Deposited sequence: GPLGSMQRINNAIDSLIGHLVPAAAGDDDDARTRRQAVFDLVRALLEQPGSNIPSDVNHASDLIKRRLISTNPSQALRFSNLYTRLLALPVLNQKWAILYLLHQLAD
């Protein structure tokens, strides 16, 4: 959970908003009002309960997606996934892969 990490999460949200919403990134009153409205939306979105995500779950979703979209790099993804799992960093690898699967296009 995000308990105890609110400061670091909000600092990241500030960065995201400026990077992805240029009209909300400036120093004038209107831009700063837009930033506050966007910030409040992001906070609300991150409170939404979401689904029961059960891990090989995201990687299995990504692989089966990649046989339809773009089969030429299915093997490449599988080798990348294996490398990632072996790294001594990141405690939430399943969730980062879930994020990528959700943004896959």
- According to the record, which stretches of the deposited sequence lack C-alpha coordinates? 55 to 56
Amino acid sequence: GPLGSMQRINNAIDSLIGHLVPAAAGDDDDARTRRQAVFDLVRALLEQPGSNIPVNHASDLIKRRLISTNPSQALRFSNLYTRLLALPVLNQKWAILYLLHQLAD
From here on, numbers count along this sequence of modelled residues.
- Item | Stretch with the greater mean C-alpha B-factor as recorded in the entry, comparing 29 to 37 against 43 to 51 | 43 to 51
- Which is higher in the entry, the mean Cα B factor of 74 to 82 or that of 59 to 67? 59 to 67
